[PDB]
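File shown: query20.pdb. Contents: PDB, C-alpha atoms and all ligand atoms.
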```pdb
ATOM      1  CA  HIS A   1       4.040   2.413 -23.387
ATOM      2  CA  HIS A   2       3.519   1.114 -19.900
ATOM      3  CA  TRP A   3       0.738   0.719 -17.407
ATOM      4  CA  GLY A   4      -0.216   3.700 -15.270
ATOM      5  CA  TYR A   5      -3.158   5.760 -14.063
ATOM      6  CA  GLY A   6      -4.087   7.870 -17.054
ATOM      7  CA  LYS A   7      -6.991   7.570 -19.442
ATOM      8  CA  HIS A   8      -4.912   5.647 -21.916
ATOM      9  CA  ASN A   9      -2.992   3.328 -19.537
ATOM     10  CA  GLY A  10      -5.057   3.162 -16.368
ATOM     11  CA  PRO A  11      -6.882   0.405 -14.464
ATOM     12  CA  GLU A  12      -9.399  -0.298 -17.271
ATOM     13  CA  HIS A  13      -6.528  -1.236 -19.575
ATOM     14  CA  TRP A  14      -4.426  -3.380 -17.231
ATOM     15  CA  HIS A  15      -6.195  -6.665 -18.033
ATOM     16  CA  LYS A  16      -4.825  -6.640 -21.605
ATOM     17  CA  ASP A  17      -1.282  -7.307 -20.361
ATOM     18  CA  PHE A  18      -2.139  -8.646 -16.871
ATOM     19  CA  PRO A  19      -5.212 -10.861 -17.329
ATOM     20  CA  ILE A  20      -5.218 -11.698 -13.592
ATOM     21  CA  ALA A  21      -6.758  -8.186 -13.297
ATOM     22  CA  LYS A  22     -10.096 -10.016 -13.752
ATOM     23  CA  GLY A  23      -9.141 -12.768 -11.267
ATOM     24  CA  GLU A  24     -10.831 -14.305  -8.266
ATOM     25  CA  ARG A  25      -9.092 -12.428  -5.460
ATOM     26  CA  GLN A  26      -8.211  -8.948  -6.716
ATOM     27  CA  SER A  27      -7.595  -5.886  -4.555
ATOM     28  CA  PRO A  28      -8.590  -3.376  -3.402
ATOM     29  CA  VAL A  29     -12.190  -4.033  -2.313
ATOM     30  CA  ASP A  30     -14.937  -2.129  -0.621
ATOM     31  CA  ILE A  31     -15.162  -3.118   3.048
ATOM     32  CA  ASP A  32     -18.891  -3.392   3.879
ATOM     33  CA  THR A  33     -18.683  -2.961   7.633
ATOM     34  CA  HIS A  34     -22.089  -4.463   8.283
ATOM     35  CA  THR A  35     -21.254  -7.673   6.285
ATOM     36  CA  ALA A  36     -17.755  -8.132   7.757
ATOM     37  CA  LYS A  37     -17.829 -10.627  10.623
ATOM     38  CA  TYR A  38     -15.858 -10.667  13.849
ATOM     39  CA  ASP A  39     -13.485 -13.687  13.775
ATOM     40  CA  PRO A  40     -12.580 -15.164  17.151
ATOM     41  CA  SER A  41      -9.903 -17.375  15.451
ATOM     42  CA  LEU A  42      -7.701 -14.334  14.755
ATOM     43  CA  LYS A  43      -4.695 -14.112  17.086
ATOM     44  CA  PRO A  44      -3.440 -10.770  18.447
ATOM     45  CA  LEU A  45      -1.653  -8.723  15.778
ATOM     46  CA  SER A  46       2.034  -7.939  16.427
ATOM     47  CA  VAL A  47       3.720  -5.051  14.617
ATOM     48  CA  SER A  48       7.406  -5.250  15.642
ATOM     49  CA  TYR A  49       9.297  -2.384  14.014
ATOM     50  CA  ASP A  50      11.728  -1.329  16.757
ATOM     51  CA  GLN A  51      14.793  -2.526  14.812
ATOM     52  CA  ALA A  52      13.694  -1.284  11.409
ATOM     53  CA  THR A  53      16.462  -0.167   9.041
ATOM     54  CA  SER A  54      15.224   2.108   6.334
ATOM     55  CA  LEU A  55      17.661   2.647   3.481
ATOM     56  CA  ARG A  56      16.375   4.726   0.597
ATOM     57  CA  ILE A  57      13.376   6.487  -0.932
ATOM     58  CA  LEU A  58      12.629   5.995  -4.632
ATOM     59  CA  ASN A  59      10.205   7.644  -7.075
ATOM     60  CA  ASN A  60       9.345   4.643  -9.260
ATOM     61  CA  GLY A  61       6.989   6.529 -11.609
ATOM     62  CA  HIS A  62       3.861   5.211  -9.885
ATOM     63  CA  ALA A  63       4.430   6.128  -6.218
ATOM     64  CA  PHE A  64       7.413   6.568  -3.924
ATOM     65  CA  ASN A  65       8.791   3.674  -1.922
ATOM     66  CA  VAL A  66      10.666   3.831   1.344
ATOM     67  CA  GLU A  67      12.809   0.703   1.239
ATOM     68  CA  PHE A  68      14.054  -1.329   4.187
ATOM     69  CA  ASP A  69      16.852  -3.815   4.846
ATOM     70  CA  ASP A  70      15.038  -7.188   4.932
ATOM     71  CA  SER A  71      18.118  -9.415   5.224
ATOM     72  CA  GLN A  72      17.096 -10.292   8.958
ATOM     73  CA  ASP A  73      13.946 -10.130  11.240
ATOM     74  CA  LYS A  74      14.418  -6.391  11.888
ATOM     75  CA  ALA A  75      10.860  -5.165  11.232
ATOM     76  CA  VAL A  76       8.226  -7.826  11.187
ATOM     77  CA  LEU A  77       4.517  -8.440  11.203
ATOM     78  CA  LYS A  78       3.069 -11.467  12.902
ATOM     79  CA  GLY A  79      -0.186 -12.695  14.433
ATOM     80  CA  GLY A  80      -3.670 -11.744  13.379
ATOM     81  CA  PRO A  81      -4.578 -13.924  10.402
ATOM     82  CA  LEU A  82      -0.901 -14.654   9.695
ATOM     83  CA  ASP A  83       0.954 -17.913  10.112
ATOM     84  CA  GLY A  84       4.675 -17.277  10.646
ATOM     85  CA  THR A  85       6.748 -14.125  10.200
ATOM     86  CA  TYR A  86       6.493 -11.456   7.541
ATOM     87  CA  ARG A  87       9.380  -9.016   6.994
ATOM     88  CA  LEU A  88       8.899  -5.366   6.046
ATOM     89  CA  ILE A  89      10.454  -4.588   2.649
ATOM     90  CA  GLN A  90       8.949  -1.195   1.716
ATOM     91  CA  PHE A  91       6.104   1.201   2.291
ATOM     92  CA  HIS A  92       4.385   3.556  -0.096
ATOM     93  CA  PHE A  93       1.130   5.499  -0.470
ATOM     94  CA  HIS A  94      -1.704   6.013  -2.914
ATOM     95  CA  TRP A  95      -3.400   9.406  -2.955
ATOM     96  CA  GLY A  96      -5.798  11.676  -4.784
ATOM     97  CA  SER A  97      -5.859  14.974  -6.613
ATOM     98  CA  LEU A  98      -8.515  16.138  -4.090
ATOM     99  CA  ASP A  99      -9.068  15.272  -0.461
ATOM    100  CA  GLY A 100     -12.277  13.349  -1.308
ATOM    101  CA  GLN A 101     -10.426  10.547  -3.014
ATOM    102  CA  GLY A 102      -7.170   8.672  -3.063
ATOM    103  CA  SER A 103      -7.609   5.501  -1.067
ATOM    104  CA  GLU A 104      -7.704   2.090  -2.720
ATOM    105  CA  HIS A 105      -9.815   0.287  -0.167
ATOM    106  CA  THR A 106     -13.093   1.952   0.725
ATOM    107  CA  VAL A 107     -15.193   1.625   3.874
ATOM    108  CA  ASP A 108     -18.927   1.472   3.161
ATOM    109  CA  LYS A 109     -18.001   3.108  -0.163
ATOM    110  CA  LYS A 110     -16.183   5.967   1.616
ATOM    111  CA  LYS A 111     -12.915   7.029  -0.020
ATOM    112  CA  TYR A 112     -10.154   8.448   2.137
ATOM    113  CA  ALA A 113      -7.613  11.067   0.973
ATOM    114  CA  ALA A 114      -4.813   8.496   0.803
ATOM    115  CA  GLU A 115      -3.785   5.020   1.871
ATOM    116  CA  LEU A 116      -0.444   3.788   3.263
ATOM    117  CA  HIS A 117       0.736   0.269   2.390
ATOM    118  CA  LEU A 118       3.446  -1.404   4.528
ATOM    119  CA  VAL A 119       4.548  -4.390   2.412
ATOM    120  CA  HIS A 120       5.884  -7.578   4.008
ATOM    121  CA  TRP A 121       6.962 -10.979   2.730
ATOM    122  CA  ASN A 122       6.670 -14.397   4.343
ATOM    123  CA  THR A 123      10.092 -15.516   5.541
ATOM    124  CA  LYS A 124       9.354 -19.152   4.837
ATOM    125  CA  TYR A 125       9.944 -18.379   1.152
ATOM    126  CA  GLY A 126      13.436 -16.940   1.578
ATOM    127  CA  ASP A 127      13.181 -13.892  -0.824
ATOM    128  CA  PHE A 128      10.500 -11.469  -1.941
ATOM    129  CA  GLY A 129      10.780 -12.847  -5.460
ATOM    130  CA  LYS A 130       9.870 -16.344  -4.315
ATOM    131  CA  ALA A 131       7.184 -15.046  -1.970
ATOM    132  CA  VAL A 132       5.337 -13.500  -4.954
ATOM    133  CA  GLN A 133       4.929 -16.995  -6.371
ATOM    134  CA  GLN A 134       2.899 -18.104  -3.306
ATOM    135  CA  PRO A 135      -0.726 -17.652  -2.244
ATOM    136  CA  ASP A 136       0.441 -16.611   1.233
ATOM    137  CA  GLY A 137       3.616 -14.871   0.182
ATOM    138  CA  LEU A 138       2.830 -11.318   1.205
ATOM    139  CA  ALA A 139       1.051  -9.352   3.932
ATOM    140  CA  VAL A 140       0.189  -5.699   3.364
ATOM    141  CA  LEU A 141      -0.802  -3.525   6.311
ATOM    142  CA  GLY A 142      -3.057  -0.792   4.950
ATOM    143  CA  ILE A 143      -3.749   2.459   6.813
ATOM    144  CA  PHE A 144      -6.158   5.156   5.703
ATOM    145  CA  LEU A 145      -5.195   8.843   5.710
ATOM    146  CA  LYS A 146      -7.663  11.650   6.321
ATOM    147  CA  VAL A 147      -6.863  15.378   6.151
ATOM    148  CA  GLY A 148      -6.889  17.202   9.455
ATOM    149  CA  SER A 149      -4.056  17.570  11.952
ATOM    150  CA  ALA A 150      -0.476  16.928  10.768
ATOM    151  CA  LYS A 151       1.162  13.532  11.283
ATOM    152  CA  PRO A 152       4.516  14.450  12.843
ATOM    153  CA  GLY A 153       6.099  11.104  11.978
ATOM    154  CA  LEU A 154       5.300  11.679   8.282
ATOM    155  CA  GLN A 155       7.148  14.983   8.007
ATOM    156  CA  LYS A 156      10.581  13.535   7.324
ATOM    157  CA  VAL A 157       9.059  11.737   4.315
ATOM    158  CA  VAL A 158       7.361  14.952   3.105
ATOM    159  CA  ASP A 159      10.579  16.918   3.343
ATOM    160  CA  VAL A 160      12.622  14.591   1.165
ATOM    161  CA  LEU A 161      10.094  14.579  -1.654
ATOM    162  CA  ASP A 162      11.716  17.625  -3.265
ATOM    163  CA  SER A 163      14.829  15.416  -3.853
ATOM    164  CA  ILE A 164      12.856  12.712  -5.699
ATOM    165  CA  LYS A 165      10.466  14.752  -7.845
ATOM    166  CA  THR A 166      10.728  12.639 -10.989
ATOM    167  CA  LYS A 167      10.689   8.999 -11.954
ATOM    168  CA  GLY A 168      13.915   7.142 -11.288
ATOM    169  CA  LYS A 169      15.205   9.590  -8.668
ATOM    170  CA  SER A 170      16.234   8.172  -5.288
ATOM    171  CA  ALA A 171      17.686   9.553  -2.072
ATOM    172  CA  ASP A 172      19.375   8.049   0.916
ATOM    173  CA  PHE A 173      16.601   7.637   3.709
ATOM    174  CA  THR A 174      18.188   6.034   6.704
ATOM    175  CA  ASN A 175      17.013   5.945  10.311
ATOM    176  CA  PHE A 176      13.314   6.462   9.559
ATOM    177  CA  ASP A 177      10.998   4.941  12.159
ATOM    178  CA  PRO A 178       7.802   3.633  10.493
ATOM    179  CA  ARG A 179       6.113   3.338  13.886
ATOM    180  CA  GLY A 180       5.408   7.048  13.518
ATOM    181  CA  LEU A 181       2.945   6.295  10.725
ATOM    182  CA  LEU A 182       0.574   4.096  12.775
ATOM    183  CA  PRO A 183      -2.696   5.092  14.506
ATOM    184  CA  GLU A 184      -3.309   4.271  18.163
ATOM    185  CA  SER A 185      -5.516   1.237  17.536
ATOM    186  CA  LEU A 186      -4.609  -1.941  15.702
ATOM    187  CA  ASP A 187      -8.226  -3.002  15.111
ATOM    188  CA  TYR A 188      -8.464  -4.284  11.531
ATOM    189  CA  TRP A 189     -10.274  -6.021   8.760
ATOM    190  CA  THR A 190      -8.594  -8.827   6.810
ATOM    191  CA  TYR A 191      -9.169 -10.711   3.589
ATOM    192  CA  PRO A 192      -7.150 -12.537   0.884
ATOM    193  CA  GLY A 193      -6.297 -10.392  -2.139
ATOM    194  CA  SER A 194      -3.688  -9.170  -4.557
ATOM    195  CA  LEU A 195      -1.166  -6.524  -5.412
ATOM    196  CA  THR A 196      -3.111  -3.416  -6.441
ATOM    197  CA  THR A 197      -0.699  -2.613  -9.281
ATOM    198  CA  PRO A 198       0.569  -4.734 -12.143
ATOM    199  CA  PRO A 199       1.486  -7.568 -12.017
ATOM    200  CA  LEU A 200      -1.629  -7.820  -9.763
ATOM    201  CA  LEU A 201      -0.401 -11.091  -8.259
ATOM    202  CA  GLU A 202      -2.770 -12.900  -5.871
ATOM    203  CA  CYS A 203      -0.367 -13.367  -3.039
ATOM    204  CA  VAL A 204      -1.493 -10.933  -0.355
ATOM    205  CA  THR A 205      -3.115 -11.257   3.042
ATOM    206  CA  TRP A 206      -4.560  -7.776   3.461
ATOM    207  CA  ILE A 207      -4.773  -6.280   6.954
ATOM    208  CA  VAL A 208      -6.572  -2.916   6.791
ATOM    209  CA  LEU A 209      -6.649  -0.883   9.989
ATOM    210  CA  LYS A 210      -9.994   0.605  10.989
ATOM    211  CA  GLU A 211      -8.580   3.791  12.527
ATOM    212  CA  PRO A 212      -7.284   6.315   9.934
ATOM    213  CA  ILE A 213      -4.291   8.531  10.623
ATOM    214  CA  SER A 214      -4.704  12.273  10.068
ATOM    215  CA  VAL A 215      -2.238  14.192   7.966
ATOM    216  CA  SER A 216      -2.342  17.938   7.219
ATOM    217  CA  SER A 217      -3.473  19.478   4.043
ATOM    218  CA  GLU A 218       0.126  20.782   3.546
ATOM    219  CA  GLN A 219       1.516  17.244   3.876
ATOM    220  CA  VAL A 220      -0.784  15.848   1.146
ATOM    221  CA  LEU A 221      -0.235  18.877  -1.041
ATOM    222  CA  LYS A 222       3.420  17.993  -1.106
ATOM    223  CA  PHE A 223       2.640  14.410  -2.215
ATOM    224  CA  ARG A 224       0.717  15.989  -5.125
ATOM    225  CA  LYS A 225       3.817  17.923  -6.313
ATOM    226  CA  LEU A 226       5.602  14.731  -7.286
ATOM    227  CA  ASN A 227       5.779  13.758 -10.918
ATOM    228  CA  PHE A 228       4.940  10.500 -12.710
ATOM    229  CA  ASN A 229       7.332  11.462 -15.507
ATOM    230  CA  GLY A 230      11.103  11.495 -15.695
ATOM    231  CA  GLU A 231      13.255  14.615 -15.631
ATOM    232  CA  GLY A 232      13.007  16.461 -18.978
ATOM    233  CA  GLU A 233       9.725  14.792 -19.921
ATOM    234  CA  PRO A 234       6.337  16.512 -19.932
ATOM    235  CA  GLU A 235       5.237  17.196 -16.380
ATOM    236  CA  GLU A 236       2.422  14.976 -15.153
ATOM    237  CA  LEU A 237       1.588  15.412 -11.504
ATOM    238  CA  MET A 238       1.640  12.176  -9.467
ATOM    239  CA  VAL A 239      -1.974  12.221  -8.286
ATOM    240  CA  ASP A 240      -4.813   9.711  -8.372
ATOM    241  CA  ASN A 241      -2.421   6.737  -8.305
ATOM    242  CA  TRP A 242      -5.140   4.432  -6.889
ATOM    243  CA  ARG A 243      -6.979   1.439  -8.307
ATOM    244  CA  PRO A 244     -10.738   1.423  -7.621
ATOM    245  CA  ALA A 245     -12.484  -1.331  -5.668
ATOM    246  CA  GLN A 246     -12.716  -4.712  -7.387
ATOM    247  CA  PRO A 247     -15.383  -7.439  -7.144
ATOM    248  CA  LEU A 248     -15.335  -9.282  -3.843
ATOM    249  CA  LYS A 249     -16.240 -12.587  -5.503
ATOM    250  CA  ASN A 250     -15.959 -15.630  -3.163
ATOM    251  CA  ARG A 251     -14.502 -13.815  -0.190
ATOM    252  CA  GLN A 252     -15.474 -12.849   3.295
ATOM    253  CA  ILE A 253     -13.925  -9.914   5.111
ATOM    254  CA  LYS A 254     -13.169 -10.707   8.757
ATOM    255  CA  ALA A 255     -12.952  -8.193  11.579
ATOM    256  CA  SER A 256     -10.569  -8.362  14.545
ATOM    257  CA  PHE A 257     -12.981  -6.460  16.745
ATOM    258  CA  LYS A 258     -16.518  -6.885  18.043
TER
HETATM  259  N1  LIG A 301       0.066  -2.771 -19.467
HETATM  260  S1  LIG A 301      -1.250  -2.184 -19.759
HETATM  261  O1  LIG A 301      -2.131  -3.357 -20.219
HETATM  262  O2  LIG A 301      -1.939  -1.525 -18.696
HETATM  263  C1  LIG A 301      -1.018  -1.096 -21.060
HETATM  264  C2  LIG A 301      -0.009  -1.262 -22.010
HETATM  265  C3  LIG A 301       0.081  -0.383 -23.054
HETATM  266  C4  LIG A 301      -0.825   0.676 -23.157
HETATM  267  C5  LIG A 301      -0.684   1.638 -24.253
HETATM  268  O3  LIG A 301      -0.161   1.305 -25.239
HETATM  269  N2  LIG A 301      -1.284   2.777 -24.179
HETATM  270  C6  LIG A 301      -1.169   3.872 -25.087
HETATM  271  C7  LIG A 301      -0.791   5.155 -24.419
HETATM  272  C8  LIG A 301      -0.998   6.364 -25.029
HETATM  273  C9  LIG A 301      -0.680   7.562 -24.393
HETATM  274  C10 LIG A 301      -0.185   7.537 -23.144
HETATM  275  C11 LIG A 301      -0.002   6.318 -22.525
HETATM  276  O4  LIG A 301       0.461   6.242 -21.300
HETATM  277  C12 LIG A 301      -0.298   5.146 -23.152
HETATM  278  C13 LIG A 301      -1.829   0.827 -22.160
HETATM  279  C14 LIG A 301      -1.870  -0.056 -21.094
HETATM  280  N1  LIG A 302      17.402  -4.522  -0.934
HETATM  281  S1  LIG A 302      16.312  -3.885  -0.138
HETATM  282  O1  LIG A 302      15.947  -4.762   1.025
HETATM  283  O2  LIG A 302      16.443  -2.508   0.367
HETATM  284  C1  LIG A 302      14.995  -3.848  -1.180
HETATM  285  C2  LIG A 302      15.028  -4.440  -2.469
HETATM  286  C3  LIG A 302      13.924  -4.403  -3.316
HETATM  287  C4  LIG A 302      12.744  -3.763  -2.893
HETATM  288  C5  LIG A 302      11.468  -3.728  -3.725
HETATM  289  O3  LIG A 302      10.596  -2.898  -3.508
HETATM  290  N2  LIG A 302      11.279  -4.701  -4.607
HETATM  291  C6  LIG A 302      10.161  -4.878  -5.507
HETATM  292  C7  LIG A 302      10.561  -4.278  -6.818
HETATM  293  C8  LIG A 302      10.374  -5.054  -7.943
HETATM  294  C9  LIG A 302      10.711  -4.530  -9.173
HETATM  295  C10 LIG A 302      11.268  -3.260  -9.270
HETATM  296  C11 LIG A 302      11.462  -2.484  -8.134
HETATM  297  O4  LIG A 302      12.014  -1.234  -8.181
HETATM  298  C12 LIG A 302      11.124  -2.994  -6.906
HETATM  299  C13 LIG A 302      12.733  -3.134  -1.660
HETATM  300  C14 LIG A 302      13.828  -3.171  -0.792
HETATM  301  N1  LIG A 303      -0.058  -1.591  -3.690
HETATM  302  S1  LIG A 303       0.384  -2.949  -3.055
HETATM  303  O1  LIG A 303       0.775  -2.764  -1.695
HETATM  304  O2  LIG A 303      -0.578  -3.999  -3.336
HETATM  305  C1  LIG A 303       1.862  -3.444  -3.854
HETATM  306  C2  LIG A 303       2.967  -3.923  -3.149
HETATM  307  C3  LIG A 303       4.110  -4.317  -3.819
HETATM  308  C4  LIG A 303       4.194  -4.263  -5.198
HETATM  309  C5  LIG A 303       5.455  -4.721  -5.879
HETATM  310  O3  LIG A 303       6.386  -5.192  -5.178
HETATM  311  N2  LIG A 303       5.548  -4.619  -7.162
HETATM  312  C6  LIG A 303       6.732  -4.997  -7.932
HETATM  313  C7  LIG A 303       6.711  -6.425  -8.419
HETATM  314  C8  LIG A 303       6.106  -7.446  -7.724
HETATM  315  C9  LIG A 303       6.103  -8.753  -8.178
HETATM  316  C10 LIG A 303       6.704  -9.033  -9.353
HETATM  317  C11 LIG A 303       7.255  -8.026 -10.118
HETATM  318  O4  LIG A 303       7.819  -8.358 -11.316
HETATM  319  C12 LIG A 303       7.227  -6.724  -9.648
HETATM  320  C13 LIG A 303       3.093  -3.819  -5.916
HETATM  321  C14 LIG A 303       1.930  -3.391  -5.256
HETATM  322 ZN    ZN A 304       0.002   0.015  -2.577
END
```
Go through the file and emit its structure as structure tokens.
Ligand SMILES: NS(=O)(=O)c1ccc(C(=O)NCc2cccc(O)c2)cc1
Ligand SMILES: NS(=O)(=O)c1ccc(C(=O)NCc2cccc(O)c2)cc1
Ligand SMILES: NS(=O)(=O)c1ccc(C(=O)NCc2cccc(O)c2)cc1
Ligand SMILES: [Zn+2]
Amino acid sequence: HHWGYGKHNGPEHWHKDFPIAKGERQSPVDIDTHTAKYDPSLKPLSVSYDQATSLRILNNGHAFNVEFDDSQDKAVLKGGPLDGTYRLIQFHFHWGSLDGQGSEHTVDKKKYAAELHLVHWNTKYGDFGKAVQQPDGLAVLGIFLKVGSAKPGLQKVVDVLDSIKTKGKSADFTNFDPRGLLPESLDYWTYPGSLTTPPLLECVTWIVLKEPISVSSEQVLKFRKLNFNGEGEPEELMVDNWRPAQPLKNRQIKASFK
């Protein structure tokens, strides 16, 4: 058996093999907008993706990842709460079975239809594997998705999903520009947290954008046609692959905006 999102392997079970699930800086969290505080110490945020090199898209049995070449500063995140340079390694989403759910973070308890995670690692640590042994190893840029108008820059992702229906399938995915997944504003909230899936490591500076992107109902419907299972196994739709909000504990959420 393995961890997942079902009744018998979902978030309530993870602590038995990953005891950090009950740790001091777990993610996601609810973002209480009234309690978050504007932080004048934050520097301007810099999302520098013009030289991004996407490579491949993979159904890993929990989500799909669009993977990037991270062997140079091609696509980086800097500024904001960050010290130094964080390189983009992959992005993926979490989404619901219904439009009223799917996000990991919540905003005043509001759940969005989905949430995009752009995953970066701190170059001072040399490789992702070493970065995940550090308290400041990772930075994840989180972006909420609501259902409304289509996101044109998402469509290339949607259209390849038929090639990667089942766990372990991959497809070449070159020349994808992740700038087409961003909203107009970079206003954000930030706090120290964790991976939201096993191994739940407490290595992440979370940067959660305030402005959601809209995607169409047809775009999310296609996410919901993916499968958690492998080819030839019983079909289990890849839906509700989100962890609920975790205790904030001894943390303060900071806002980039007044
Ligand atoms: N890694 S984990 O702690 O989340 C974990 C490990 C094993 C199990 C497990 O043995 N579950 C039984 C089971 C039964 C039917 C379907 C399943 O996916 C899992 C659940 C969670
Ligand atoms: N070589 S690469 O830059 O395209 C690249 C390598 C690994 C990853 C990645 O997502 N690594 C984390 C990971 C850990 C265990 C199993 C996985 O499939 C992925 C992404 C991009
Ligand atoms: N949902 S999330 O963005 O917090 C997230 C990002 C990356 C990963 C990830 O890379 N997982 C694979 C991994 C990481 C560290 C050690 C491992 O053995 C595997 C998991 C969750
Ligand atoms: Zn994620």
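When the distance limit is 10 Å and all atoms listed in the file are what count, the residues near residue 99 in chain A, minus those fewer than 4 positions from it on the same chain, are residues 95, 103, 111, 112, 113, 114, 145, 146, 147, 217, 220 and 221 of chain A.
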Q.
Once the PyMOL selection byres (((chain A and resi 28) around 9) and not hetatm) is applied to the coordinates I shared, what remains selected? I want it as a list in words.
A. residues 26, 27, 29, 30, 104, 105, 106, 193, 194, 195, 196, 243, 244, 245, 246, 247 and 248 of chain A
Closest atom pairs, chain A residues within 6 Å of ligand LIG 301 (chain A), all atoms listed in the file, as a tab-separated table:
```
residue	atom	partner	partner_atom	distance
A:1	CA	A:LIG301	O3	4.7
A:2	CA	A:LIG301	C2	4.7
A:3	CA	A:LIG301	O2	3.7
A:8	CA	A:LIG301	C12	4.8
A:9	CA	A:LIG301	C13	3.8
A:13	CA	A:LIG301	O2	4.7
A:14	CA	A:LIG301	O2	3.4
A:15	CA	A:LIG301	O1	5.7
A:16	CA	A:LIG301	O1	4.5
A:17	CA	A:LIG301	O1	4.0
```
Which residues of chain A have any atom within 7 Å of an atom in ligand ZN 304 (chain A) when counting all atoms listed in the file, and what is the closest pair of atoms for each, with the distance in Å to one decimal? Order the rows by chain and rising number and write it as JSON lines.
```
{"residue": "A:92", "atom": "CA", "partner": "A:ZN304", "partner_atom": "ZN", "distance": 6.2}
{"residue": "A:93", "atom": "CA", "partner": "A:ZN304", "partner_atom": "ZN", "distance": 6.0}
{"residue": "A:94", "atom": "CA", "partner": "A:ZN304", "partner_atom": "ZN", "distance": 6.2}
{"residue": "A:116", "atom": "CA", "partner": "A:ZN304", "partner_atom": "ZN", "distance": 7.0}
{"residue": "A:117", "atom": "CA", "partner": "A:ZN304", "partner_atom": "ZN", "distance": 5.0}
{"residue": "A:196", "atom": "CA", "partner": "A:ZN304", "partner_atom": "ZN", "distance": 6.0}
```
Written file, previous selection with C-alpha atoms, as a short mmCIF file (atom, residue, chain, number, x, y, z; two decimals), in the frame of the given file:
```
data_model
loop_
_atom_site.label_atom_id
_atom_site.label_comp_id
_atom_site.auth_asym_id
_atom_site.auth_seq_id
_atom_site.Cartn_x
_atom_site.Cartn_y
_atom_site.Cartn_z
CA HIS A 92 4.38 3.56 -0.10
CA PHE A 93 1.13 5.50 -0.47
CA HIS A 94 -1.70 6.01 -2.91
CA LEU A 116 -0.44 3.79 3.26
CA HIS A 117 0.74 0.27 2.39
CA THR A 196 -3.11 -3.42 -6.44
#
```
Q | Selection near residue 21 in chain A, 9 Å with only C-alpha atoms, sequence-local residues under 6 positions removed, as an MDAnalysis selection string | A | chainID A and resid 11 14:15 198:201
